[PDB]
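Student: Below is my_file05.tsv; it holds TSV, C-alpha atoms and all ligand atoms.
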```
chain	number	residue	atom	x	y	z
A	1	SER	CA	-20.80	-8.73	6.15
A	2	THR	CA	-18.93	-6.74	3.52
A	3	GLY	CA	-17.49	-3.27	3.06
A	4	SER	CA	-16.62	-1.16	0.03
A	5	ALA	CA	-14.74	2.14	0.04
A	6	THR	CA	-13.33	4.39	-2.66
A	7	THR	CA	-9.60	5.10	-2.58
A	8	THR	CA	-8.31	8.33	-4.13
A	9	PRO	CA	-4.79	9.37	-5.25
A	10	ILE	CA	-3.34	12.08	-3.02
A	11	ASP	CA	-1.78	13.97	-5.93
A	12	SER	CA	-1.38	14.01	-9.70
A	13	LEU	CA	1.39	11.38	-9.60
A	14	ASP	CA	-0.46	8.71	-7.59
A	15	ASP	CA	2.20	9.01	-4.87
A	16	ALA	CA	-0.23	7.32	-2.45
A	17	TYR	CA	-3.94	6.66	-2.06
A	18	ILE	CA	-6.30	7.71	0.76
A	19	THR	CA	-9.48	5.97	1.86
A	20	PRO	CA	-12.00	7.49	4.31
A	21	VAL	CA	-12.35	5.63	7.62
A	22	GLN	CA	-14.87	6.30	10.39
A	23	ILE	CA	-13.43	6.13	13.92
A	24	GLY	CA	-15.34	6.55	17.17
A	25	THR	CA	-18.80	7.64	18.24
A	26	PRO	CA	-19.97	10.00	16.83
A	27	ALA	CA	-17.86	9.12	13.80
A	28	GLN	CA	-14.64	11.00	13.15
A	29	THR	CA	-13.71	10.50	9.49
A	30	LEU	CA	-9.98	10.36	8.75
A	31	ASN	CA	-8.37	9.69	5.37
A	32	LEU	CA	-5.99	6.76	5.83
A	33	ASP	CA	-3.33	5.18	3.64
A	34	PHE	CA	-4.29	1.50	3.36
A	35	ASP	CA	-0.98	-0.33	3.57
A	36	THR	CA	-0.60	-4.05	2.77
A	37	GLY	CA	3.07	-3.67	3.76
A	38	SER	CA	2.49	-3.00	7.47
A	39	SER	CA	0.17	-4.01	10.28
A	40	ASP	CA	-0.54	-0.95	12.45
A	41	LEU	CA	-3.62	1.29	12.26
A	42	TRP	CA	-2.27	4.63	13.46
A	43	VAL	CA	-3.66	8.15	13.25
A	44	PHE	CA	-2.78	11.75	13.76
A	45	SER	CA	-4.53	12.71	16.97
A	46	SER	CA	-5.10	15.27	19.70
A	47	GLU	CA	-1.98	13.72	21.29
A	48	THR	CA	0.34	14.38	18.33
A	49	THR	CA	3.10	16.93	19.02
A	50	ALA	CA	1.58	20.17	17.76
A	51	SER	CA	4.63	21.19	15.71
A	52	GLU	CA	4.35	17.87	13.81
A	53	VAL	CA	0.75	18.44	12.65
A	54	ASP	CA	0.33	20.53	9.49
A	55	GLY	CA	-3.15	20.25	7.99
A	56	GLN	CA	-4.05	16.65	8.86
A	57	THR	CA	-7.41	15.76	10.37
A	58	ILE	CA	-6.91	14.43	13.90
A	59	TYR	CA	-8.65	11.76	15.95
A	60	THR	CA	-9.67	13.05	19.38
A	61	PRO	CA	-10.43	10.05	21.62
A	62	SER	CA	-11.89	12.22	24.39
A	63	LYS	CA	-14.72	13.12	21.98
A	64	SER	CA	-15.58	9.46	21.27
A	65	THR	CA	-17.95	7.77	23.70
A	66	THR	CA	-16.67	4.34	22.60
A	67	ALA	CA	-12.94	5.09	22.95
A	68	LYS	CA	-11.03	3.33	25.74
A	69	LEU	CA	-7.37	3.70	26.59
A	70	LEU	CA	-5.57	0.39	26.13
A	71	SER	CA	-3.72	0.78	29.39
A	72	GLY	CA	0.04	0.45	29.21
A	73	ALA	CA	0.18	-0.17	25.47
A	74	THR	CA	2.65	1.72	23.28
A	75	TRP	CA	3.69	1.43	19.66
A	76	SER	CA	6.62	2.52	17.53
A	77	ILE	CA	7.12	1.81	13.84
A	78	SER	CA	9.85	2.48	11.29
A	79	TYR	CA	9.13	1.94	7.60
A	80	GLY	CA	11.47	0.97	4.77
A	81	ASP	CA	11.64	4.56	3.49
A	82	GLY	CA	13.03	5.74	6.84
A	83	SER	CA	9.82	7.35	8.08
A	84	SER	CA	8.48	6.60	11.54
A	85	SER	CA	5.82	7.29	14.15
A	86	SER	CA	5.02	6.25	17.71
A	87	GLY	CA	2.53	6.74	20.52
A	88	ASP	CA	-0.09	5.08	22.71
A	89	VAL	CA	-3.22	3.06	21.99
A	90	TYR	CA	-7.00	3.25	22.29
A	91	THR	CA	-9.63	0.76	21.31
A	92	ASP	CA	-12.61	2.15	19.43
A	93	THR	CA	-15.16	1.38	16.75
A	94	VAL	CA	-13.76	1.57	13.23
A	95	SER	CA	-15.78	1.37	10.03
A	96	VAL	CA	-14.59	1.13	6.43
A	97	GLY	CA	-17.11	1.40	3.63
A	98	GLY	CA	-19.95	0.14	5.84
A	99	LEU	CA	-17.99	-2.68	7.54
A	100	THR	CA	-17.68	-2.13	11.29
A	101	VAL	CA	-15.18	-3.55	13.78
A	102	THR	CA	-15.67	-2.88	17.47
A	103	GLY	CA	-12.68	-2.89	19.81
A	104	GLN	CA	-10.16	-2.11	17.06
A	105	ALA	CA	-6.75	-0.94	18.26
A	106	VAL	CA	-6.38	2.66	17.11
A	107	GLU	CA	-2.76	3.70	17.62
A	108	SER	CA	-2.63	7.39	18.51
A	109	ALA	CA	0.51	9.15	17.34
A	110	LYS	CA	2.45	11.22	19.83
A	111	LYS	CA	5.32	11.66	17.34
A	112	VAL	CA	5.57	11.40	13.56
A	113	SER	CA	8.57	11.94	11.30
A	114	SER	CA	8.88	14.84	8.91
A	115	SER	CA	7.57	13.05	5.83
A	116	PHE	CA	4.24	12.42	7.59
A	117	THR	CA	3.99	16.02	8.82
A	118	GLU	CA	4.70	17.29	5.32
A	119	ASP	CA	1.91	15.22	3.74
A	120	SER	CA	-1.24	17.06	4.79
A	121	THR	CA	-3.48	14.64	2.85
A	122	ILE	CA	-2.66	11.48	4.87
A	123	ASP	CA	-4.24	11.35	8.32
A	124	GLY	CA	-2.70	7.98	9.22
A	125	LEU	CA	-2.15	4.44	7.99
A	126	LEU	CA	-4.34	1.33	8.07
A	127	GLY	CA	-2.13	-1.75	7.99
A	128	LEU	CA	-3.27	-4.81	6.05
A	129	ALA	CA	-0.22	-7.09	6.29
A	130	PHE	CA	-0.23	-9.97	8.79
A	131	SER	CA	-0.82	-9.18	12.45
A	132	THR	CA	2.52	-10.74	13.42
A	133	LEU	CA	4.10	-7.42	12.29
A	134	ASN	CA	1.96	-5.24	14.56
A	135	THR	CA	4.19	-3.14	16.81
A	136	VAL	CA	1.96	-2.67	19.88
A	137	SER	CA	3.71	-3.67	23.12
A	138	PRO	CA	3.37	-5.50	25.44
A	139	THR	CA	0.22	-7.01	23.88
A	140	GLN	CA	0.37	-7.23	20.10
A	141	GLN	CA	-2.83	-6.13	18.35
A	142	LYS	CA	-4.75	-7.38	15.31
A	143	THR	CA	-5.27	-5.56	12.04
A	144	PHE	CA	-8.68	-4.31	10.95
A	145	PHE	CA	-8.87	-7.17	8.44
A	146	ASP	CA	-8.00	-9.83	11.01
A	147	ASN	CA	-10.62	-8.46	13.39
A	148	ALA	CA	-13.26	-8.32	10.63
A	149	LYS	CA	-12.38	-11.62	8.98
A	150	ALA	CA	-14.72	-14.00	10.81
A	151	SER	CA	-17.70	-11.73	10.11
A	152	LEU	CA	-16.96	-11.30	6.41
A	153	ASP	CA	-18.91	-13.22	3.79
A	154	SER	CA	-15.53	-14.46	2.48
A	155	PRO	CA	-12.15	-13.93	4.23
A	156	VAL	CA	-10.75	-11.63	1.55
A	157	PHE	CA	-10.12	-8.04	0.62
A	158	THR	CA	-9.37	-6.63	-2.81
A	159	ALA	CA	-7.34	-3.68	-4.04
A	160	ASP	CA	-8.39	-1.98	-7.28
A	161	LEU	CA	-6.16	1.08	-7.50
A	162	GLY	CA	-6.69	3.61	-10.27
A	163	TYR	CA	-4.14	5.23	-12.58
A	164	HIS	CA	-4.62	8.97	-12.08
A	165	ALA	CA	-8.14	8.13	-10.91
A	166	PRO	CA	-10.05	6.77	-7.90
A	167	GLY	CA	-10.34	3.06	-7.23
A	168	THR	CA	-11.81	0.71	-4.64
A	169	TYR	CA	-11.00	-1.40	-1.60
A	170	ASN	CA	-13.57	-4.13	-0.99
A	171	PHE	CA	-13.80	-6.38	2.07
A	172	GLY	CA	-15.54	-9.73	2.14
A	173	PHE	CA	-16.40	-10.20	-1.53
A	174	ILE	CA	-14.90	-10.26	-5.02
A	175	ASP	CA	-16.62	-7.88	-7.47
A	176	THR	CA	-16.69	-9.97	-10.62
A	177	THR	CA	-17.52	-6.83	-12.67
A	178	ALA	CA	-14.26	-5.11	-11.69
A	179	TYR	CA	-11.82	-7.17	-13.79
A	180	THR	CA	-11.48	-8.83	-17.19
A	181	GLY	CA	-10.70	-12.47	-17.84
A	182	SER	CA	-9.96	-14.72	-14.88
A	183	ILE	CA	-8.11	-14.22	-11.59
A	184	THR	CA	-4.84	-16.16	-11.32
A	185	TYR	CA	-4.01	-17.14	-7.76
A	186	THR	CA	-0.48	-17.69	-6.50
A	187	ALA	CA	1.05	-18.91	-3.25
A	188	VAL	CA	1.92	-16.60	-0.35
A	189	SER	CA	4.60	-16.96	2.31
A	190	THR	CA	3.72	-15.29	5.61
A	191	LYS	CA	7.15	-15.97	7.11
A	192	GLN	CA	8.16	-12.28	7.03
A	193	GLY	CA	4.64	-11.05	7.83
A	194	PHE	CA	4.05	-9.75	4.29
A	195	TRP	CA	1.91	-10.74	1.32
A	196	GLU	CA	5.02	-12.33	-0.17
A	197	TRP	CA	4.79	-14.22	-3.45
A	198	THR	CA	6.95	-15.23	-6.42
A	199	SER	CA	6.44	-13.72	-9.85
A	200	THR	CA	7.29	-16.02	-12.76
A	201	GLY	CA	9.16	-13.44	-14.84
A	202	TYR	CA	8.98	-10.28	-16.87
A	203	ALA	CA	9.04	-8.65	-20.27
A	204	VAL	CA	10.04	-5.15	-21.39
A	205	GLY	CA	7.77	-3.56	-23.97
A	206	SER	CA	7.12	-5.92	-26.86
A	207	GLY	CA	10.16	-8.03	-25.96
A	208	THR	CA	10.20	-11.71	-25.19
A	209	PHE	CA	9.15	-12.89	-21.76
A	210	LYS	CA	12.01	-13.91	-19.46
A	211	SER	CA	11.02	-16.80	-17.20
A	212	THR	CA	12.67	-16.20	-13.84
A	213	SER	CA	11.47	-16.37	-10.24
A	214	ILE	CA	11.15	-12.97	-8.53
A	215	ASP	CA	10.19	-13.15	-4.86
A	216	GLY	CA	8.57	-9.96	-3.61
A	217	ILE	CA	5.74	-8.40	-1.64
A	218	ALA	CA	2.42	-6.91	-2.70
A	219	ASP	CA	2.60	-3.53	-0.95
A	220	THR	CA	-0.11	-0.92	-1.50
A	221	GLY	CA	1.80	1.44	0.81
A	222	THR	CA	4.81	1.70	-1.51
A	223	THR	CA	4.51	3.99	-4.52
A	224	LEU	CA	6.93	2.39	-6.98
A	225	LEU	CA	7.96	-1.01	-8.33
A	226	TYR	CA	11.29	-2.17	-6.84
A	227	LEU	CA	12.93	-5.14	-8.60
A	228	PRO	CA	16.39	-6.69	-8.91
A	229	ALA	CA	19.03	-4.52	-10.54
A	230	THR	CA	19.33	-6.88	-13.52
A	231	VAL	CA	15.62	-6.53	-14.34
A	232	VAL	CA	15.59	-2.77	-13.82
A	233	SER	CA	18.68	-2.27	-16.00
A	234	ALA	CA	17.06	-4.29	-18.77
A	235	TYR	CA	13.98	-2.04	-18.60
A	236	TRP	CA	15.77	1.32	-18.64
A	237	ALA	CA	18.18	0.22	-21.37
A	238	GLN	CA	15.17	0.48	-23.69
A	239	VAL	CA	14.74	4.21	-22.95
A	240	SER	CA	17.15	6.52	-24.78
A	241	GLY	CA	19.03	8.69	-22.32
A	242	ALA	CA	17.86	6.91	-19.17
A	243	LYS	CA	20.46	6.51	-16.45
A	244	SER	CA	20.80	5.75	-12.77
A	245	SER	CA	21.60	8.94	-10.86
A	246	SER	CA	23.17	8.61	-7.42
A	247	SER	CA	22.48	12.30	-6.75
A	248	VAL	CA	18.77	11.97	-7.51
A	249	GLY	CA	18.40	8.52	-5.94
A	250	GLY	CA	17.46	6.24	-8.81
A	251	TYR	CA	16.79	5.94	-12.50
A	252	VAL	CA	15.85	9.11	-14.34
A	253	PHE	CA	14.92	9.52	-17.99
A	254	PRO	CA	14.31	12.35	-20.45
A	255	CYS	CA	10.85	13.77	-19.96
A	256	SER	CA	10.52	13.75	-23.78
A	257	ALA	CA	10.62	9.93	-23.81
A	258	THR	CA	7.75	7.56	-24.52
A	259	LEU	CA	8.19	4.73	-22.01
A	260	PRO	CA	7.75	1.05	-22.86
A	261	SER	CA	5.37	-1.13	-20.92
A	262	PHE	CA	6.56	-3.66	-18.34
A	263	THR	CA	4.97	-7.10	-17.97
A	264	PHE	CA	5.19	-9.30	-14.89
A	265	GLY	CA	4.18	-12.93	-14.59
A	266	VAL	CA	1.65	-14.39	-12.17
A	267	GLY	CA	1.84	-18.12	-12.76
A	268	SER	CA	1.13	-18.57	-16.45
A	269	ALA	CA	-0.72	-15.23	-16.57
A	270	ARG	CA	0.69	-11.80	-17.40
A	271	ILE	CA	-0.04	-8.33	-16.02
A	272	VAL	CA	0.97	-5.44	-18.29
A	273	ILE	CA	1.95	-2.11	-16.74
A	274	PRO	CA	1.53	0.58	-19.43
A	275	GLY	CA	4.53	2.82	-20.00
A	276	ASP	CA	2.68	5.89	-18.77
A	277	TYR	CA	2.29	4.31	-15.32
A	278	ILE	CA	6.11	4.36	-15.00
A	279	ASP	CA	6.40	8.16	-15.43
A	280	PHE	CA	6.74	9.99	-12.11
A	281	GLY	CA	7.36	13.37	-13.68
A	282	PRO	CA	10.09	15.98	-13.34
A	283	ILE	CA	12.63	15.39	-10.57
A	284	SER	CA	12.12	19.03	-9.56
A	285	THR	CA	9.68	21.60	-10.85
A	286	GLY	CA	10.51	22.56	-14.43
A	287	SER	CA	13.20	19.93	-14.93
A	288	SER	CA	13.39	17.94	-18.15
A	289	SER	CA	14.69	14.94	-16.20
A	290	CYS	CA	11.86	12.67	-15.09
A	291	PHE	CA	11.86	10.11	-12.28
A	292	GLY	CA	11.26	6.47	-13.13
A	293	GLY	CA	8.58	4.30	-11.60
A	294	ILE	CA	10.65	1.10	-11.76
A	295	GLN	CA	13.69	1.22	-9.47
A	296	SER	CA	16.25	-1.18	-8.10
A	297	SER	CA	15.52	-3.07	-4.89
A	298	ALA	CA	19.25	-3.52	-4.23
A	299	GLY	CA	19.86	-2.28	-0.71
A	300	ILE	CA	16.24	-2.71	0.33
A	301	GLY	CA	16.56	-6.45	0.97
A	302	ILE	CA	13.23	-7.28	-0.69
A	303	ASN	CA	11.50	-6.75	-4.01
A	304	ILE	CA	8.36	-4.64	-3.75
A	305	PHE	CA	5.35	-4.79	-6.05
A	306	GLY	CA	4.11	-1.34	-5.07
A	307	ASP	CA	1.35	0.82	-6.50
A	308	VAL	CA	2.95	1.07	-9.99
A	309	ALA	CA	2.45	-2.68	-10.39
A	310	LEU	CA	-0.69	-3.20	-8.33
A	311	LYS	CA	-2.72	-0.48	-10.07
A	312	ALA	CA	-2.36	-2.38	-13.35
A	313	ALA	CA	-4.35	-5.25	-11.79
A	314	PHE	CA	-7.36	-6.24	-9.74
A	315	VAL	CA	-5.66	-7.81	-6.71
A	316	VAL	CA	-7.22	-10.31	-4.28
A	317	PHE	CA	-5.71	-10.63	-0.80
A	318	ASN	CA	-7.10	-14.02	0.24
A	319	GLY	CA	-6.90	-14.41	4.02
A	320	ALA	CA	-8.12	-17.98	4.17
A	321	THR	CA	-6.31	-20.40	6.48
A	322	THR	CA	-3.68	-20.77	3.77
A	323	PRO	CA	-3.43	-17.23	2.35
A	324	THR	CA	-2.99	-16.63	-1.38
A	325	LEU	CA	-2.85	-13.67	-3.76
A	326	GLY	CA	-4.91	-13.30	-6.91
A	327	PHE	CA	-4.24	-11.05	-9.90
A	328	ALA	CA	-6.52	-10.20	-12.82
A	329	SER	CA	-6.23	-7.73	-15.65
A	330	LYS	CA	-8.82	-4.96	-15.72
A	401	LIG	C1	9.12	0.96	1.08
A	401	LIG	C2	8.24	1.54	2.15
A	401	LIG	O1	8.79	1.95	3.21
A	401	LIG	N1	6.88	1.63	2.05
A	401	LIG	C3	6.05	2.17	3.05
A	401	LIG	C4	6.31	3.41	3.63
A	401	LIG	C5	5.48	3.95	4.62
A	401	LIG	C6	4.37	3.18	5.00
A	401	LIG	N2	4.09	1.98	4.46
A	401	LIG	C7	4.91	1.48	3.50
A	401	LIG	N3	4.55	0.23	2.98
```
As a first step, turn the structure in this file into structure tokens.
Ligand SMILES: CC(=O)Nc1cccnc1N
Tutor:
Amino acid sequence: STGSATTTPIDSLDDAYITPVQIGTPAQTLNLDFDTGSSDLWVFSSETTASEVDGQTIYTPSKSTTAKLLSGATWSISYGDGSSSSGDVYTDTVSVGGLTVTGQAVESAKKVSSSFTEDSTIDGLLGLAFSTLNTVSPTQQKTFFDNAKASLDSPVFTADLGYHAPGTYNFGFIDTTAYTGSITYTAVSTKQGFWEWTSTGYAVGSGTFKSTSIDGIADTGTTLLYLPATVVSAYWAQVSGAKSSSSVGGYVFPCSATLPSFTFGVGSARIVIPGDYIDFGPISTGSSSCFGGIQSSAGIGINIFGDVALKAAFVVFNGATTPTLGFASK
């Protein structure tokens, strides 16, 4: 089997991407944030505290003839940005782009933190990291990809995120029309439960490539590119007037600037992030200070190849017995 679904930016900055997902019988379609940095499929629901729902579409298990309470199971998750959610668990039929999994754990939120409430466009998250990170207790549950994997034509999914435009998540096949050149594959460590890999270096604009190992994670659920402070300082030093602002929370730059590109290495290959992808716009409405899309990972504990980096590439998440990542230009 295969599936193919379009993923759409939630706003004009590509702060996140939503993909429609069918849950239950008859189908209830919710727009979920596909997240290769976590491993829980959770949704706003008829159980979510009413004051914490503000415009989201909810899953109502009592209206699904295939929903079953997973008795005694609870979940609770906290993400790197400080947001969180928790609740109980149903199993139900879940379909993405024509690919159907029966008996998928659908984690129903009873509580969500303010950042989820305030984002009316995101109805929940669909985790695509390794199932060892799933938070359901006392019986850990499998991700949608892990449940689908044996049925797929090939044990893979691909992320093809657009810049200011829709893109595609495919399951079970690699669309050879969606990228240019060849795909370069690189090793993955699953020891932390992430799609963790080692970039071979970077360049700033037209500058020379610096060969240096940068361990980090491919995370579709993180907006920006978080890299070591040395690398980030070298980037922003090429932008007149750019500075790190403790009050704002990262590097800012004059909105009048033209940003240089940023290149990262995948083995001997190179992925170029155009300068425009690094512009996250005014820090507040009407400001002439703009927020940068490359930020320091110092204090996070891990480097994160988030959407800023991933949307410059066609990315293969290879879930074979030994997982690997593939990157191609597009
Ligand atoms: C850095 C970070 O926390 N990212 C993130 C936030 C919420 C959900 N998934 C994620 N991958």
Student: Can you check which parts of chain A lie within 10 Å of ligand LIG 401 (chain A)? Per residue, the shortest pair of atoms and distance in Å to one decimal, counting all atoms listed in the file, sorted by chain and number, as a Markdown table.
Tutor:
```
| residue | atom | partner | partner_atom | distance |
| --- | --- | --- | --- | --- |
| A:16 | CA | A:LIG401 | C6 | 9.7 |
| A:33 | CA | A:LIG401 | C6 | 8.1 |
| A:34 | CA | A:LIG401 | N2 | 8.5 |
| A:35 | CA | A:LIG401 | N3 | 5.6 |
| A:36 | CA | A:LIG401 | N3 | 6.7 |
| A:37 | CA | A:LIG401 | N3 | 4.2 |
| A:38 | CA | A:LIG401 | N3 | 5.9 |
| A:39 | CA | A:LIG401 | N2 | 9.2 |
| A:40 | CA | A:LIG401 | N2 | 9.7 |
| A:77 | CA | A:LIG401 | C6 | 9.4 |
| A:78 | CA | A:LIG401 | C5 | 8.1 |
| A:79 | CA | A:LIG401 | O1 | 4.4 |
| A:80 | CA | A:LIG401 | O1 | 3.3 |
| A:81 | CA | A:LIG401 | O1 | 3.9 |
| A:82 | CA | A:LIG401 | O1 | 6.7 |
| A:83 | CA | A:LIG401 | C5 | 6.5 |
| A:84 | CA | A:LIG401 | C5 | 8.0 |
| A:115 | CA | A:LIG401 | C5 | 9.4 |
| A:116 | CA | A:LIG401 | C5 | 9.1 |
| A:124 | CA | A:LIG401 | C6 | 9.5 |
| A:125 | CA | A:LIG401 | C6 | 7.3 |
| A:126 | CA | A:LIG401 | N2 | 9.2 |
| A:127 | CA | A:LIG401 | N2 | 8.1 |
| A:128 | CA | A:LIG401 | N3 | 9.8 |
| A:129 | CA | A:LIG401 | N3 | 9.3 |
| A:217 | CA | A:LIG401 | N3 | 9.9 |
| A:218 | CA | A:LIG401 | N3 | 9.4 |
| A:219 | CA | A:LIG401 | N3 | 5.8 |
| A:220 | CA | A:LIG401 | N3 | 6.6 |
| A:221 | CA | A:LIG401 | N3 | 3.7 |
| A:222 | CA | A:LIG401 | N1 | 4.1 |
| A:223 | CA | A:LIG401 | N1 | 7.4 |
| A:224 | CA | A:LIG401 | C1 | 8.5 |
| A:225 | CA | A:LIG401 | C1 | 9.7 |
| A:226 | CA | A:LIG401 | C1 | 8.8 |
| A:297 | CA | A:LIG401 | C1 | 9.6 |
| A:300 | CA | A:LIG401 | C1 | 8.0 |
| A:302 | CA | A:LIG401 | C1 | 9.4 |
| A:303 | CA | A:LIG401 | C1 | 9.5 |
| A:304 | CA | A:LIG401 | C1 | 7.4 |
| A:305 | CA | A:LIG401 | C1 | 9.9 |
| A:306 | CA | A:LIG401 | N1 | 8.2 |
```
Student: Save the residues we just selected, C-alpha atoms, as a PDB file, in the frame of the given file?
Tutor:
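Result file follows (result12.pdb):
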```pdb
ATOM      1  CA  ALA A  16      -0.230   7.320  -2.450  1.00  0.00           C
ATOM      2  CA  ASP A  33      -3.330   5.180   3.640  1.00  0.00           C
ATOM      3  CA  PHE A  34      -4.290   1.500   3.360  1.00  0.00           C
ATOM      4  CA  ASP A  35      -0.980  -0.330   3.570  1.00  0.00           C
ATOM      5  CA  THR A  36      -0.600  -4.050   2.770  1.00  0.00           C
ATOM      6  CA  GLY A  37       3.070  -3.670   3.760  1.00  0.00           C
ATOM      7  CA  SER A  38       2.490  -3.000   7.470  1.00  0.00           C
ATOM      8  CA  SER A  39       0.170  -4.010  10.280  1.00  0.00           C
ATOM      9  CA  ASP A  40      -0.540  -0.950  12.450  1.00  0.00           C
ATOM     10  CA  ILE A  77       7.120   1.810  13.840  1.00  0.00           C
ATOM     11  CA  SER A  78       9.850   2.480  11.290  1.00  0.00           C
ATOM     12  CA  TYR A  79       9.130   1.940   7.600  1.00  0.00           C
ATOM     13  CA  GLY A  80      11.470   0.970   4.770  1.00  0.00           C
ATOM     14  CA  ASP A  81      11.640   4.560   3.490  1.00  0.00           C
ATOM     15  CA  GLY A  82      13.030   5.740   6.840  1.00  0.00           C
ATOM     16  CA  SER A  83       9.820   7.350   8.080  1.00  0.00           C
ATOM     17  CA  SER A  84       8.480   6.600  11.540  1.00  0.00           C
ATOM     18  CA  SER A 115       7.570  13.050   5.830  1.00  0.00           C
ATOM     19  CA  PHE A 116       4.240  12.420   7.590  1.00  0.00           C
ATOM     20  CA  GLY A 124      -2.700   7.980   9.220  1.00  0.00           C
ATOM     21  CA  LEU A 125      -2.150   4.440   7.990  1.00  0.00           C
ATOM     22  CA  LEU A 126      -4.340   1.330   8.070  1.00  0.00           C
ATOM     23  CA  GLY A 127      -2.130  -1.750   7.990  1.00  0.00           C
ATOM     24  CA  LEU A 128      -3.270  -4.810   6.050  1.00  0.00           C
ATOM     25  CA  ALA A 129      -0.220  -7.090   6.290  1.00  0.00           C
ATOM     26  CA  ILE A 217       5.740  -8.400  -1.640  1.00  0.00           C
ATOM     27  CA  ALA A 218       2.420  -6.910  -2.700  1.00  0.00           C
ATOM     28  CA  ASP A 219       2.600  -3.530  -0.950  1.00  0.00           C
ATOM     29  CA  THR A 220      -0.110  -0.920  -1.500  1.00  0.00           C
ATOM     30  CA  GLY A 221       1.800   1.440   0.810  1.00  0.00           C
ATOM     31  CA  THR A 222       4.810   1.700  -1.510  1.00  0.00           C
ATOM     32  CA  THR A 223       4.510   3.990  -4.520  1.00  0.00           C
ATOM     33  CA  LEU A 224       6.930   2.390  -6.980  1.00  0.00           C
ATOM     34  CA  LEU A 225       7.960  -1.010  -8.330  1.00  0.00           C
ATOM     35  CA  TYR A 226      11.290  -2.170  -6.840  1.00  0.00           C
ATOM     36  CA  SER A 297      15.520  -3.070  -4.890  1.00  0.00           C
ATOM     37  CA  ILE A 300      16.240  -2.710   0.330  1.00  0.00           C
ATOM     38  CA  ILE A 302      13.230  -7.280  -0.690  1.00  0.00           C
ATOM     39  CA  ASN A 303      11.500  -6.750  -4.010  1.00  0.00           C
ATOM     40  CA  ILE A 304       8.360  -4.640  -3.750  1.00  0.00           C
ATOM     41  CA  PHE A 305       5.350  -4.790  -6.050  1.00  0.00           C
ATOM     42  CA  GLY A 306       4.110  -1.340  -5.070  1.00  0.00           C
TER      43      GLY A 306
END
```
Student: Set the distance at 6 Å and use all atoms listed in the file: which residues neighbour segment 270-286 of chain A once local chain neighbours fewer than 6 positions away are removed? I'd like the list as a PDB file with C-alpha atoms, in the frame of the given file.
Tutor:
```
ATOM      1  CA  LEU A 259       8.190   4.730 -22.010  1.00  0.00           C
ATOM      2  CA  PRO A 260       7.750   1.050 -22.860  1.00  0.00           C
ATOM      3  CA  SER A 261       5.370  -1.130 -20.920  1.00  0.00           C
ATOM      4  CA  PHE A 262       6.560  -3.660 -18.340  1.00  0.00           C
ATOM      5  CA  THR A 263       4.970  -7.100 -17.970  1.00  0.00           C
ATOM      6  CA  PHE A 264       5.190  -9.300 -14.890  1.00  0.00           C
ATOM      7  CA  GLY A 292      11.260   6.470 -13.130  1.00  0.00           C
ATOM      8  CA  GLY A 293       8.580   4.300 -11.600  1.00  0.00           C
ATOM      9  CA  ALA A 312      -2.360  -2.380 -13.350  1.00  0.00           C
TER      10      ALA A 312
END
```
Student: Counting all atoms listed in the file, which residues sit no farther than 10 Å from the position (-15.9, -7.0, 11.2) in the file's frame? I'd like them as a list in words.
Tutor: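 Collected hits near the coordinates: residues 1, 2, 3, 94, 95, 96, 98, 99, 100, 101, 102, 104, 144, 145, 146, 147, 148, 149, 150, 151, 152, 171 and 172 of chain A.
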Student: For a test of reading the model, state the distance in Å between atom CA of residue 236 of chain A and atom CA of residue 301 of chain A, rounded to one decimal.
Tutor: 21.1 Å
Student: Work out how far atom CA of residue 85 of chain A is from atom CA of residue 24 of chain A, in Å to one decimal.
Tutor: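 Computed distance, atom CA of residue 24 of chain A to atom CA of residue 85 of chain A, equals 21.4 Å.
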Student: Which value, in Å to one decimal, gives the distance between atom CA of residue 329 of chain A and atom CA of residue 12 of chain A?
Tutor: 23.1 Å
Student: Tell me which of A:199, A:45, A:91, A:295 sits closest to residue 66 of chain A, counting only C-alpha atoms.
Tutor: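 Result for the nearest residue to residue 66 of chain A: A:91.
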Student: Taking (-0.4, -8.0, 23.8) in the file's coordinates, which residues come within 12 Å, counting all atoms listed in the file, written as an MDAnalysis selection string?
Tutor: chainID A and resid 70:75 89 105 131:132 134:142
Student: Considering only C-alpha atoms, can you say which of A:296, A:56, A:113, A:190 comes closest to residue 245 of chain A?
Tutor: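 Ranked by minimum distance to residue 245 of chain A, first place goes to A:296.
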Student: Using all atoms listed in the file, can you tell me which of A:52, A:107, A:119, A:88 comes closest to residue 10 of chain A?
Tutor: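 Checking each candidate against residue 10 of chain A, we get A:119 as the closest.
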Student: Could you tell me which of A:28, A:232, A:123, A:325 comes closest to residue 92 of chain A if we count only C-alpha atoms?
Tutor: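 Ranked by minimum distance to residue 92 of chain A, first place goes to A:28.
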Student: For each of A:121, A:19, A:309, A:8, take the minimum atom-to-atom distance to residue 57 of chain A, counting only C-alpha atoms, then give the residue where this is smallest.
Tutor: A:121
Student: Between A:114, A:154, A:198, A:186, which has the minimum distance to residue 324 of chain A (counting all atoms listed in the file)?
Tutor: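 Closest residue, counting all atoms listed in the file: A:186.
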